[PDB]
Every structure is written in C-alpha cells, then in structure tokens.
>>> print(open('work-v8.cif').read())   # mmCIF, C-alpha atoms
data_run
#
loop_
_atom_site.label_atom_id
_atom_site.label_comp_id
_atom_site.auth_asym_id
_atom_site.auth_seq_id
_atom_site.Cartn_x
_atom_site.Cartn_y
_atom_site.Cartn_z
CA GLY A 1 0.67 -17.31 20.76
CA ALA A 2 -1.27 -15.13 23.18
CA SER A 3 -1.44 -11.52 24.35
CA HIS A 4 0.15 -10.51 27.65
CA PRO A 5 -2.33 -10.70 30.56
CA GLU A 6 -2.29 -6.92 31.02
CA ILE A 7 -3.14 -6.43 27.34
CA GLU A 8 -5.89 -9.05 27.42
CA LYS A 9 -7.35 -7.28 30.47
CA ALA A 10 -7.65 -4.03 28.52
CA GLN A 11 -8.62 -5.55 25.17
CA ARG A 12 -11.97 -3.75 24.98
CA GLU A 13 -10.49 -0.31 25.63
CA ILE A 14 -7.72 -0.98 23.11
CA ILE A 15 -10.12 -2.21 20.43
CA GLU A 16 -12.47 0.74 20.89
CA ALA A 17 -9.60 3.22 20.76
CA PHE A 18 -7.96 1.58 17.74
CA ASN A 19 -11.06 1.45 15.55
CA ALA A 20 -11.92 5.09 16.27
CA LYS A 21 -8.34 6.25 15.71
CA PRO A 22 -5.63 3.62 15.14
CA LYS A 23 -2.90 5.83 16.61
CA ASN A 24 -4.73 5.98 19.95
CA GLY A 25 -5.09 2.21 20.08
CA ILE A 26 -1.41 1.71 19.28
CA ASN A 27 -0.43 4.27 21.91
CA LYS A 28 -2.54 2.50 24.53
CA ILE A 29 -0.81 -0.81 23.83
CA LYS A 30 2.58 0.91 24.04
CA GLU A 31 1.65 2.54 27.36
CA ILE A 32 0.66 -0.81 28.87
CA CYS A 33 3.85 -2.43 27.57
CA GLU A 34 5.94 0.33 29.12
CA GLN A 35 4.27 -0.05 32.51
CA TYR A 36 4.74 -3.83 32.62
CA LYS A 37 8.05 -3.98 30.74
CA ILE A 38 6.68 -5.79 27.69
CA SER A 39 8.26 -5.76 24.22
CA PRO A 40 5.81 -3.45 22.37
CA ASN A 41 6.32 -4.42 18.72
CA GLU A 42 5.69 -8.13 19.27
CA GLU A 43 2.70 -7.28 21.46
CA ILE A 44 1.09 -5.03 18.84
CA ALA A 45 1.55 -7.76 16.22
CA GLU A 46 0.08 -10.39 18.53
CA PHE A 47 -2.92 -8.16 19.27
CA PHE A 48 -3.61 -7.79 15.54
CA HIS A 49 -3.66 -11.59 15.19
CA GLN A 50 -5.63 -12.22 18.38
CA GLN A 51 -8.29 -9.57 17.77
CA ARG A 52 -8.57 -9.84 13.99
CA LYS A 53 -12.34 -10.36 14.24
CA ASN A 54 -12.80 -7.17 16.27
CA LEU A 55 -10.44 -4.70 14.59
CA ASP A 56 -10.70 -2.49 11.51
CA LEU A 57 -8.58 -4.68 9.25
CA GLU A 58 -8.13 -1.96 6.65
CA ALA A 59 -6.43 0.07 9.39
CA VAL A 60 -4.44 -2.96 10.56
CA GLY A 61 -3.23 -3.58 7.03
CA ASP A 62 -2.39 0.08 6.61
CA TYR A 63 -0.38 0.21 9.82
CA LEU A 64 1.51 -2.99 9.01
CA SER A 65 2.42 -1.83 5.50
CA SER A 66 3.60 1.67 6.43
CA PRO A 67 7.24 2.78 5.97
CA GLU A 68 7.93 4.03 9.51
CA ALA A 69 10.53 2.10 11.55
CA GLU A 70 8.08 1.05 14.27
CA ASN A 71 5.56 -0.22 11.73
CA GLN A 72 8.19 -2.25 9.92
CA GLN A 73 9.29 -3.89 13.17
CA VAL A 74 5.69 -4.76 13.98
CA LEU A 75 5.20 -6.25 10.52
CA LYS A 76 8.30 -8.42 10.93
CA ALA A 77 6.89 -9.75 14.20
CA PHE A 78 3.41 -10.14 12.70
CA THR A 79 4.69 -12.27 9.83
CA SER A 80 7.10 -14.20 12.07
CA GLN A 81 4.12 -15.21 14.21
CA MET A 82 2.61 -17.01 11.21
CA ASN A 83 3.43 -20.68 10.63
CA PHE A 84 4.52 -21.41 7.06
CA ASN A 85 6.25 -24.67 7.97
CA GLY A 86 4.53 -27.47 6.11
CA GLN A 87 3.13 -25.40 3.25
CA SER A 88 4.44 -25.16 -0.29
CA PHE A 89 5.67 -21.76 -1.49
CA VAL A 90 2.45 -20.96 -3.33
CA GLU A 91 0.23 -22.13 -0.48
CA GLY A 92 2.22 -20.08 2.02
CA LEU A 93 1.95 -16.98 -0.16
CA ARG A 94 -1.79 -17.60 -0.63
CA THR A 95 -2.29 -17.86 3.13
CA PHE A 96 -0.27 -14.70 3.68
CA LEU A 97 -2.10 -12.60 1.09
CA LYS A 98 -5.54 -13.75 2.28
CA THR A 99 -4.68 -12.61 5.82
CA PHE A 100 -5.04 -8.91 4.97
CA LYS A 101 -7.51 -6.37 3.71
CA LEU A 102 -4.74 -5.48 1.28
CA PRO A 103 -3.76 -1.86 0.77
CA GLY A 104 -4.53 -0.50 -2.69
CA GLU A 105 -1.20 1.34 -2.85
CA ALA A 106 1.82 -0.10 -4.65
CA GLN A 107 4.55 0.61 -2.10
CA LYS A 108 2.47 -0.80 0.75
CA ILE A 109 1.68 -3.97 -1.18
CA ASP A 110 5.40 -4.25 -1.93
CA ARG A 111 6.39 -4.04 1.74
CA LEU A 112 3.93 -6.80 2.62
CA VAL A 113 5.29 -9.07 -0.13
CA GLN A 114 8.85 -8.38 1.07
CA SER A 115 7.87 -9.38 4.61
CA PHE A 116 6.49 -12.70 3.40
CA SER A 117 9.55 -13.41 1.25
CA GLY A 118 11.87 -12.84 4.20
CA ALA A 119 9.83 -15.00 6.57
CA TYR A 120 9.37 -17.76 4.01
CA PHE A 121 13.13 -17.96 3.55
CA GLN A 122 13.76 -17.89 7.30
CA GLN A 123 11.35 -20.80 7.79
CA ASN A 124 12.32 -22.63 4.57
CA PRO A 125 16.09 -22.09 3.94
CA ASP A 126 16.19 -25.18 1.69
CA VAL A 127 13.91 -23.79 -1.03
CA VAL A 128 15.51 -20.54 -2.21
CA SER A 129 19.08 -19.21 -2.08
CA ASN A 130 18.16 -16.03 -0.20
CA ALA A 131 15.33 -13.65 0.70
CA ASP A 132 15.75 -11.71 -2.54
CA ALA A 133 15.17 -14.92 -4.47
CA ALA A 134 12.00 -15.53 -2.46
CA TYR A 135 10.87 -11.97 -3.22
CA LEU A 136 11.40 -12.46 -6.96
CA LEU A 137 9.42 -15.71 -6.82
CA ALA A 138 6.67 -14.01 -4.82
CA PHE A 139 6.07 -11.07 -7.12
CA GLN A 140 6.48 -13.21 -10.24
CA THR A 141 3.81 -15.56 -8.83
CA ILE A 142 1.53 -12.61 -8.08
CA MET A 143 1.94 -11.40 -11.68
CA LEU A 144 1.40 -14.93 -12.97
CA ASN A 145 -1.85 -15.17 -10.99
CA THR A 146 -3.22 -12.17 -12.92
CA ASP A 147 -1.74 -13.40 -16.18
CA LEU A 148 -3.41 -16.81 -15.91
CA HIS A 149 -6.74 -15.81 -14.39
CA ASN A 150 -7.54 -12.46 -16.03
CA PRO A 151 -10.17 -13.29 -18.73
CA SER A 152 -8.99 -10.35 -20.84
CA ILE A 153 -5.68 -12.11 -21.49
CA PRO A 154 -6.13 -14.55 -24.41
CA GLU A 155 -5.27 -18.17 -23.61
CA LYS A 156 -2.79 -18.22 -26.50
CA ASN A 157 -0.90 -15.23 -25.05
CA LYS A 158 -0.64 -16.43 -21.45
CA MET A 159 2.75 -17.34 -20.02
CA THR A 160 3.62 -21.04 -20.31
CA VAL A 161 5.66 -23.08 -17.85
CA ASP A 162 8.55 -22.96 -20.32
CA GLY A 163 8.18 -19.19 -20.43
CA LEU A 164 8.29 -19.02 -16.63
CA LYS A 165 11.53 -21.03 -16.55
CA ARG A 166 13.12 -18.91 -19.27
CA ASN A 167 12.22 -15.60 -17.63
CA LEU A 168 13.45 -16.62 -14.17
CA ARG A 169 16.86 -17.82 -15.35
CA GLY A 170 19.53 -16.47 -13.01
CA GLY A 171 16.86 -15.26 -10.61
CA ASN A 172 17.88 -17.56 -7.77
CA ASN A 173 20.74 -15.45 -6.40
CA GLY A 174 22.54 -15.56 -9.73
CA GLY A 175 21.66 -19.19 -10.30
CA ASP A 176 18.46 -20.88 -11.45
CA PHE A 177 15.50 -22.26 -9.53
CA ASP A 178 14.96 -26.01 -9.90
CA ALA A 179 12.97 -26.73 -13.07
CA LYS A 180 10.57 -29.08 -11.29
CA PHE A 181 10.05 -26.50 -8.56
CA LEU A 182 8.96 -23.91 -11.12
CA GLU A 183 6.79 -26.45 -12.94
CA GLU A 184 5.05 -27.19 -9.65
CA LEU A 185 4.67 -23.49 -8.77
CA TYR A 186 3.13 -22.79 -12.18
CA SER A 187 0.61 -25.62 -11.88
CA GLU A 188 -0.36 -24.67 -8.35
CA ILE A 189 -1.23 -21.08 -9.13
CA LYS A 190 -2.91 -22.06 -12.40
CA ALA A 191 -5.11 -24.59 -10.58
CA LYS A 192 -5.98 -22.37 -7.63
CA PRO A 193 -5.98 -18.56 -7.90
CA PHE A 194 -4.98 -16.36 -4.98
CA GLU A 195 -7.70 -14.91 -2.77
CA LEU A 196 -7.12 -11.15 -2.91
CA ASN A 197 -9.25 -8.77 -0.87
CA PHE A 198 -8.25 -5.12 -1.31
CA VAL A 199 -9.47 -2.10 0.62
CA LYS A 200 -12.06 -0.10 -1.34
CA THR A 201 -10.51 3.23 -0.32
CA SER A 202 -7.04 4.44 0.69
CA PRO A 203 -5.87 7.06 3.22
CA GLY A 204 -5.97 10.68 2.09
CA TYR A 205 -7.58 12.20 -0.98
CA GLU A 206 -8.31 10.00 -3.97
CA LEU A 207 -9.28 11.37 -7.35
CA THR A 208 -10.48 8.77 -9.82
CA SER A 209 -12.97 8.89 -12.65
CA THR A 210 -13.66 8.09 -16.29
CA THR A 211 -12.76 11.69 -17.19
CA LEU A 212 -9.74 12.34 -14.96
CA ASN A 213 -7.37 11.60 -17.85
CA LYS A 214 -8.72 14.70 -19.61
CA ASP A 215 -8.03 16.90 -16.58
CA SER A 216 -5.34 19.48 -17.40
CA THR A 217 -3.78 19.09 -13.95
CA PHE A 218 -3.72 15.31 -14.28
CA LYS A 219 -1.96 15.64 -17.64
CA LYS A 220 0.70 17.95 -16.22
CA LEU A 221 1.12 15.65 -13.22
CA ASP A 222 1.49 12.59 -15.43
CA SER A 223 4.16 14.31 -17.54
CA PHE A 224 5.95 15.56 -14.42
CA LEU A 225 6.75 11.95 -13.50
CA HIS A 226 9.41 11.77 -16.20
CA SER A 227 10.46 15.42 -16.12
CA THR A 228 13.80 16.91 -15.08
CA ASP A 229 14.46 20.26 -13.38
CA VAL A 230 10.80 21.30 -13.41
CA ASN A 231 9.21 23.07 -10.45
CA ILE A 232 6.11 21.33 -9.13
CA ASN A 233 4.31 24.68 -8.98
CA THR A 234 3.92 24.43 -12.76
CA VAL A 235 1.55 21.55 -12.03
CA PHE A 236 0.03 23.02 -8.86
CA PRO A 237 0.07 26.85 -9.02
CA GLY A 238 -1.55 26.98 -5.59
CA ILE A 239 1.41 25.63 -3.63
CA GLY A 240 4.34 27.83 -2.66
CA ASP A 241 7.53 28.63 -4.53
CA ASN A 242 9.68 26.77 -2.00
CA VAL A 243 8.37 23.26 -2.64
CA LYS A 244 10.96 20.70 -3.68
CA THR A 245 10.17 17.30 -5.17
CA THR A 246 11.63 13.83 -5.56
CA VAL A 247 10.08 11.12 -7.71
CA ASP A 248 10.04 7.41 -6.88
CA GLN A 249 9.91 5.53 -10.16
CA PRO A 250 7.64 2.45 -10.22
CA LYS A 251 9.03 -1.08 -10.14
CA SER A 252 7.95 -2.79 -13.36
CA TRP A 253 6.02 -5.51 -11.54
CA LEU A 254 4.04 -2.92 -9.57
CA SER A 255 3.16 -1.12 -12.81
CA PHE A 256 1.94 -4.45 -14.23
CA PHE A 257 0.02 -5.43 -11.11
CA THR A 258 -1.54 -2.09 -10.11
CA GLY A 259 -0.96 0.43 -12.91
CA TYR A 260 1.41 2.33 -10.61
CA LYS A 261 3.35 5.12 -12.33
CA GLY A 262 5.24 6.39 -9.29
CA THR A 263 5.03 8.63 -6.24
CA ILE A 264 6.03 12.29 -6.08
CA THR A 265 7.05 13.63 -2.68
CA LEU A 266 6.55 17.36 -2.12
CA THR A 267 8.50 19.06 0.64
CA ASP A 268 8.34 22.75 1.54
CA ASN A 269 11.92 23.83 2.27
CA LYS A 270 10.72 26.51 4.68
CA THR A 271 7.86 24.93 6.63
CA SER A 272 8.92 21.29 6.21
CA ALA A 273 5.33 20.48 5.25
CA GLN A 274 5.19 17.32 3.14
CA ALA A 275 2.75 15.47 0.92
CA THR A 276 2.94 12.47 -1.39
CA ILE A 277 1.15 12.06 -4.70
CA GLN A 278 0.71 8.61 -6.21
CA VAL A 279 -0.36 8.10 -9.81
CA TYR A 280 -1.98 5.00 -11.31
CA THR A 281 -3.10 4.46 -14.91
CA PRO A 282 -4.99 1.32 -15.95
CA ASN A 283 -3.59 -1.43 -18.15
CA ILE A 284 -4.95 -4.81 -19.22
CA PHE A 285 -3.36 -6.53 -16.21
CA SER A 286 -4.20 -4.05 -13.46
CA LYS A 287 -7.82 -3.53 -14.53
CA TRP A 288 -8.61 -7.06 -13.36
CA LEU A 289 -8.12 -6.01 -9.74
CA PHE A 290 -8.06 -2.21 -9.70
CA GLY A 291 -10.64 -1.15 -12.28
CA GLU A 292 -10.52 0.80 -15.52
CA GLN A 293 -9.92 4.28 -14.13
CA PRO A 294 -6.74 6.27 -13.47
CA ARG A 295 -6.19 7.24 -9.84
CA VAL A 296 -4.34 9.96 -7.96
CA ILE A 297 -3.82 9.50 -4.22
CA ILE A 298 -2.65 12.52 -2.21
CA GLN A 299 -1.54 12.15 1.40
CA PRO A 300 -0.27 14.73 3.88
CA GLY A 301 2.84 13.93 5.91
CA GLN A 302 3.04 13.99 9.70
CA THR A 303 4.84 17.36 9.89
CA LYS A 304 2.86 20.53 10.60
CA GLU A 305 1.17 22.30 7.68
CA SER A 306 1.32 19.09 5.64
CA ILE A 307 -2.47 18.95 5.61
CA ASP A 308 -2.68 22.33 3.86
CA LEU A 309 -0.07 21.32 1.27
CA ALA A 310 -1.93 18.11 0.43
CA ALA A 311 -5.28 19.93 0.38
CA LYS A 312 -3.93 22.57 -2.00
CA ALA A 313 -2.68 19.94 -4.43
CA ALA A 314 -6.02 18.10 -4.35
CA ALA A 315 -7.99 21.33 -4.72
CA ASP A 316 -5.95 22.38 -7.76
CA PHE A 317 -7.61 19.68 -9.87
CA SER A 318 -10.79 20.65 -11.71
CA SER A 319 -11.81 17.04 -11.12
CA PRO A 320 -13.54 16.31 -7.80
CA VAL A 321 -12.17 14.13 -5.01
CA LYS A 322 -13.92 10.75 -5.08
CA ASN A 323 -12.99 9.67 -1.56
CA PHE A 324 -11.66 11.23 1.63
CA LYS A 325 -10.13 8.91 4.23
CA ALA A 326 -8.29 9.54 7.48
CA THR A 327 -4.54 9.02 7.64
CA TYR A 328 -2.73 7.67 10.69
CA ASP A 329 -2.18 11.26 11.82
CA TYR A 330 -5.22 13.18 10.55
CA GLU A 331 -8.94 12.63 11.06
CA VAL A 332 -11.04 12.60 7.90
CA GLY A 333 -12.88 15.73 9.02
CA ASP A 334 -9.65 17.71 9.06
CA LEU A 335 -8.80 16.57 5.52
CA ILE A 336 -12.28 17.51 4.29
CA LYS A 337 -12.25 20.92 5.99
CA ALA A 338 -8.79 21.75 4.66
CA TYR A 339 -9.82 20.75 1.14
CA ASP A 340 -13.09 22.69 1.30
CA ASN A 341 -11.22 25.75 2.58
CA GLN A 342 -8.82 25.59 -0.34
CA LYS A 343 -11.75 25.27 -2.77
CA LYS A 344 -13.37 28.30 -1.14
CA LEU A 345 -10.14 30.27 -1.58
CA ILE A 346 -10.07 29.40 -5.28
CA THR A 347 -13.71 30.45 -5.58
CA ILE A 348 -12.95 33.87 -4.08
CA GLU A 349 -9.89 34.33 -6.28
CA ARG A 350 -12.09 33.67 -9.33
CA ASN A 351 -15.24 35.56 -8.26
CA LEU A 352 -13.93 38.11 -5.75
CA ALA A 353 -15.68 38.68 -2.40
CA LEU A 354 -18.97 36.89 -1.77
CA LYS A 355 -21.96 39.06 -2.67
CA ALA A 356 -24.00 40.47 0.22
#
>>> encode(input="work-v8.cif", output="structure tokens")
Amino acid sequence: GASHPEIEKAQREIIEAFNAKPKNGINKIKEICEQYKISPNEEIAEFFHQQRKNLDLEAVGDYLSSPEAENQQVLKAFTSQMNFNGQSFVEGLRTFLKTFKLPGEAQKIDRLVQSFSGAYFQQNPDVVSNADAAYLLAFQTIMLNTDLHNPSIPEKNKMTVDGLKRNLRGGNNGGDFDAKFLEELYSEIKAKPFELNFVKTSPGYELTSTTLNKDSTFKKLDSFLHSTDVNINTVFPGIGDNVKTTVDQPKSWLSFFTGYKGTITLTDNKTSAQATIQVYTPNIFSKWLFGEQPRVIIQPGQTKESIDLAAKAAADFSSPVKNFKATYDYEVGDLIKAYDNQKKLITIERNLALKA
C-alpha cells in the first residue's frame, strides 16, 4: 500500500528518469531494491500506483503490457494490488480498464485483459469456474460494449441478452454461466459504457492514412499475412535475403475490437536483428475506437541492428510515416535518423550521386 522508504526518498530522481526514458527509471528502482534487498517487481508496480499523477502513463501502460518476463511479473503485482472485492464483474472490469492510458496494440490490450481476468478470479473464486472463463467473459463484455454503444450498429442488429446467453453456452469451463448472471452483466454494460482512454500514438513507426490501402507495399504486406512459403523480401526488397518470418494470426475478438489482422516477426538469421510489423484494417466495430484508417506499426527488437531492419521496412513504403515514437530500448531520434538514412539510400539508388 506504500513504496519502500528508500524508494520514496528517491521518488523525484526516479520520476524524472522514467519520464525521460522509462528504462532508466526502471533501472534506478531495481538498483535501489538490490541495495536494500527489496522485491523489485512488486516495488515497480507499487511505484506506478503511487506516482500515477507524476508519471508518463502511456509509458507505464506500455511497460505493463509488454511480453518480457519482468514486465509480466510487474503487471501481475500491479493488478494484484488493486481491490476488486466488493465490485461486480462489470464494475471491476470498468475500474481496471479506466486505470490505464490503454495501448493501441492488440497483443498489449490482450495481456492487460488477461491480467484482470486472472486477478478477478483469484479475488472472486465463486463467480467463474476458472481464469479462462473470466477471460472469455471479459473480452465478450468488451466486444458487447462496442456492440451496444457504437451508433453505427443499428438497434435492431445489436446483440440481445438471449443472444449473449446462446453465444456463451459452454464458455464457463465447459459448462454455462448462470443465466441471471449474464442478464445482469448485459444490463450493466448497456446502462453504463466503459471508459476507454487509448494512447494516441504507439512505439515505433506508424503508417496510417486514407490512402495507405492503395500503397503497393501495403497490399503485398496484407496478402503476406495469409501466405505460405513466401520470402518477406518480396514485400520489402530493401531487407536482406536471410530474413525469416513467423506470423501471429489475430484472435477473432481482437480483429472485431481493433481491426487487428496479425503481427509478422522478421528475424535476420545472420545478425539476429528483429522487427515486428502489425497490421490493422478498419471495420464497423473497430472504427468506433480506432478510426477509419488502416494502420501498420513497425517496431525494432532489442537485439543489435534491429533498428536498421525496422527502418528499412518502414522506408520501403511509398506512404509516409505518420508518427515516430520511442521504444523501451530506442530513443525516438535514433528511429528517425535510421529511417531518414534509409530514405536517403533509396533516393541515391534512384537518382545516383547527389549533384554538386
């Protein structure tokens, strides 16, 4: 319920370091915890709660929703430090979602929802059969919120309480959720929408516009998502010939909620450089919260040379980059310089040496 005395003492230095570069703030907390033998993960989580009014919450949300082991442990502690005892399922989920400047990336949103579902179950074992059941209820409720409150969805076509019960049959660990529980859940979310505050920009390079769908590279990228045995260099000629790829297909609910079409992970088999490419295309449901434009988010991995791989992919589009944002490992200036350098290279390949 409070930060360790040694952390509180250095709160200003930690805050200043974190906002300038999250990694430095996290490292400072870890250094203090090491010196005074303090459990670091719980301390980082407590600091986020304690200093929420002084920290870059977009960065806090990004750290908490990241896939790395440390981050996931901190998120578990962060959510465990919240008190859901006393609240209904919908109210607990509403409180949880309103706590963050929510990431605008599908997998990150998913991890946050999974954290809530696990904590809800831990604190309310009598409601659902298991954590998976809580997760199903959580994402179904999030979809229902859009379904019921998105003006573009005709009243006559919105899900009914009977429809909710029919669709969730067997969703409670093989069994069903109590009918009256679902009727209550439906009414609660219909009567009071969730408060959802998403970040305006995401880490890395984001391409998004009303004409991106006509971009030749975007088209090849979109098709690549459902391709088999195709080298990624057919989409991005710039990259090397030793780049391997894996594609994470989108969960249906994430496609509905955000327009997510999947993430492609590029890995250079020789340099180990890595980069991820997320694709989003708008649909009637996602437009309510994420706009009417397709999006491509490119992020370099932590391994060396990853920045150049990500920059090359971004530079290969004719379409411009709408936003540049620092990642946990790279400052925004480095992303911009790498991208500009790749664009300069392309310019010289097309026009030969600069005239003098």
>>> closest_atom_pairs(input="work-v8.cif", of="stretch 54-114 of chain A", to="stretch 277-297 of chain A", cutoff="9 Å", atoms="all atoms listed in the file", output="CSV")
residue,atom,partner,partner_atom,distance
A:104,CA,A:290,CA,8.0
A:105,CA,A:278,CA,8.2
A:106,CA,A:278,CA,8.9
>>> residues_around(input="work-v8.cif", residues="residue A:18", least_positions_apart="2", cutoff="10 Å", atoms="all atoms listed in the file", output="ChimeraX atom specification")
/A:12-16,20-29,55-56,59-60
>>> closest_residue(input="work-v8.cif", among="A:307, A:239, A:225, A:45", to="residue A:80", atoms="all atoms listed in the file")
A:45
>>> residues_around(input="work-v8.cif", residues="residue A:236", least_positions_apart="4", cutoff="10 Å", atoms="only C-alpha atoms", output="PyMOL selection string")
chain A and resi 217+220-221+231-232+240+312-317
>>> resolve_selection(input="work-v8.cif", expression="the PyMOL selection byres ((chain A and resi 206) around 7)", output="list in words")
residues 204, 205, 207, 208, 295, 296, 297, 298, 321, 322, 323 and 324 of chain A
>>> resolve_selection(input="work-v8.cif", expression="the PyMOL selection byres ((chain A and resi 32) around 12)", output="VMD selection string")
chain A and resid 3 to 11 13 to 14 25 to 31 33 to 40 43 to 44
>>> residues_around(input="work-v8.cif", residues="residue A:54", least_positions_apart="3", cutoff="9 Å", atoms="all atoms listed in the file", output="JSON, numbers by chain")
{"A": [15, 19, 51, 57]}
>>> atom_distance(input="work-v8.cif", atom1="atom CA of residue A:176", atom2="atom CA of residue A:134")
12.3 Å
>>> residues_around(input="work-v8.cif", residues="residue A:75", least_positions_apart="2", cutoff="12 Å", atoms="all atoms listed in the file", output="number ranges by chain")
A: 41-46, 48-49, 60-73, 77-82, 100, 108, 111-116, 118-119
>>> closest_residue(input="work-v8.cif", among="A:85, A:187, A:97, A:159", to="residue A:109", atoms="all atoms listed in the file")
A:97
>>> resolve_selection(input="work-v8.cif", expression="the PyMOL selection byres ((chain A and resi 251) around 12)", output="compact mmCIF listing (two decimals) with C-alpha atoms, in the coordinates of the input")
# COMPACT_ATOMS: atom_id res chain seq x y z
CA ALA A 106 1.82 -0.10 -4.65
CA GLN A 107 4.55 0.61 -2.10
CA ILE A 109 1.68 -3.97 -1.18
CA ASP A 110 5.40 -4.25 -1.93
CA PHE A 139 6.07 -11.07 -7.12
CA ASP A 248 10.04 7.41 -6.88
CA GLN A 249 9.91 5.53 -10.16
CA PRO A 250 7.64 2.45 -10.22
CA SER A 252 7.95 -2.79 -13.36
CA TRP A 253 6.02 -5.51 -11.54
CA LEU A 254 4.04 -2.92 -9.57
CA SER A 255 3.16 -1.12 -12.81
CA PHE A 256 1.94 -4.45 -14.23
CA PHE A 257 0.02 -5.43 -11.11
CA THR A 258 -1.54 -2.09 -10.11
CA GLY A 259 -0.96 0.43 -12.91
CA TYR A 260 1.41 2.33 -10.61
CA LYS A 261 3.35 5.12 -12.33
CA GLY A 262 5.24 6.39 -9.29
CA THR A 263 5.03 8.63 -6.24
>>> atom_distance(input="work-v8.cif", atom1="atom CA of residue A:195", atom2="atom CA of residue A:136")
19.7 Å
>>> residues_near_point(input="work-v8.cif", point="(10.7, 23.7, -1.7)", cutoff="10 Å", atoms="all atoms listed in the file", output="JSON list (two decimals) with C-alpha atoms, in the frame of the given file")
[["chain", "number", "residue", "atom", "x", "y", "z"],
["A", 231, "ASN", "CA", 9.21, 23.07, -10.45],
["A", 232, "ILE", "CA", 6.11, 21.33, -9.13],
["A", 233, "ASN", "CA", 4.31, 24.68, -8.98],
["A", 239, "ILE", "CA", 1.41, 25.63, -3.63],
["A", 240, "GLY", "CA", 4.34, 27.83, -2.66],
["A", 241, "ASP", "CA", 7.53, 28.63, -4.53],
["A", 242, "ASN", "CA", 9.68, 26.77, -2.00],
["A", 243, "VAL", "CA", 8.37, 23.26, -2.64],
["A", 244, "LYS", "CA", 10.96, 20.70, -3.68],
["A", 245, "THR", "CA", 10.17, 17.30, -5.17],
["A", 266, "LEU", "CA", 6.55, 17.36, -2.12],
["A", 267, "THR", "CA", 8.50, 19.06, 0.64],
["A", 268, "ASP", "CA", 8.34, 22.75, 1.54],
["A", 269, "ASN", "CA", 11.92, 23.83, 2.27],
["A", 270, "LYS", "CA", 10.72, 26.51, 4.68],
["A", 271, "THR", "CA", 7.86, 24.93, 6.63],
["A", 272, "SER", "CA", 8.92, 21.29, 6.21],
["A", 273, "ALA", "CA", 5.33, 20.48, 5.25],
["A", 274, "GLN", "CA", 5.19, 17.32, 3.14]]
>>> decode(input="work-v8.cif", residues="stretch 146-161 of chain A", atoms="N, CA, C and O atoms", output="short mmCIF file (atom, residue, chain, number, x, y, z; two decimals), in the first residue's frame")
data_model
loop_
_atom_site.label_atom_id
_atom_site.label_comp_id
_atom_site.auth_asym_id
_atom_site.auth_seq_id
_atom_site.Cartn_x
_atom_site.Cartn_y
_atom_site.Cartn_z
N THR A 146 -18.82 -2.25 -27.31
CA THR A 146 -18.80 -1.61 -28.63
C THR A 146 -20.10 -1.90 -29.37
O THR A 146 -20.70 -1.01 -29.98
N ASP A 147 -20.55 -3.15 -29.31
CA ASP A 147 -21.76 -3.54 -29.99
C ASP A 147 -22.98 -2.71 -29.57
O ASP A 147 -23.76 -2.27 -30.42
N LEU A 148 -23.12 -2.48 -28.27
CA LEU A 148 -24.25 -1.73 -27.76
C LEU A 148 -24.15 -0.22 -27.84
O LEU A 148 -25.17 0.46 -27.96
N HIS A 149 -22.93 0.30 -27.79
CA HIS A 149 -22.76 1.75 -27.78
C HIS A 149 -22.24 2.44 -29.03
O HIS A 149 -22.18 3.66 -29.08
N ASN A 150 -21.88 1.64 -30.04
CA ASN A 150 -21.41 2.17 -31.32
C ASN A 150 -22.67 2.55 -32.10
O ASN A 150 -23.47 1.69 -32.46
N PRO A 151 -22.87 3.85 -32.37
CA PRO A 151 -24.02 4.37 -33.11
C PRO A 151 -24.20 3.78 -34.51
O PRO A 151 -25.31 3.72 -35.03
N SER A 152 -23.10 3.34 -35.11
CA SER A 152 -23.14 2.77 -36.45
C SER A 152 -23.81 1.40 -36.51
O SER A 152 -24.16 0.92 -37.59
N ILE A 153 -23.98 0.77 -35.35
CA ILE A 153 -24.62 -0.54 -35.29
C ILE A 153 -26.11 -0.34 -35.01
O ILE A 153 -26.49 0.06 -33.91
N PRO A 154 -26.97 -0.61 -36.00
CA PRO A 154 -28.42 -0.46 -35.86
C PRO A 154 -28.97 -1.18 -34.64
O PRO A 154 -28.59 -2.31 -34.34
N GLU A 155 -29.89 -0.51 -33.94
CA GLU A 155 -30.51 -1.06 -32.75
C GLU A 155 -31.05 -2.47 -32.99
O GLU A 155 -30.87 -3.36 -32.17
N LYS A 156 -31.69 -2.66 -34.14
CA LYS A 156 -32.27 -3.96 -34.48
C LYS A 156 -31.24 -5.07 -34.66
O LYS A 156 -31.58 -6.25 -34.54
N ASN A 157 -29.99 -4.70 -34.94
CA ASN A 157 -28.93 -5.70 -35.15
C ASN A 157 -28.02 -5.93 -33.95
O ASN A 157 -27.11 -6.75 -34.01
N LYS A 158 -28.25 -5.20 -32.86
CA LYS A 158 -27.43 -5.35 -31.67
C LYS A 158 -27.74 -6.65 -30.94
O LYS A 158 -28.87 -7.14 -30.97
N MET A 159 -26.73 -7.21 -30.30
CA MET A 159 -26.89 -8.44 -29.54
C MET A 159 -27.92 -8.23 -28.45
O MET A 159 -27.97 -7.17 -27.83
N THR A 160 -28.74 -9.26 -28.21
CA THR A 160 -29.76 -9.22 -27.17
C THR A 160 -29.26 -10.06 -26.01
O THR A 160 -28.27 -10.79 -26.15
N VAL A 161 -29.92 -9.98 -24.87
CA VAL A 161 -29.49 -10.77 -23.72
C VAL A 161 -29.63 -12.26 -24.05
O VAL A 161 -28.81 -13.07 -23.60
#
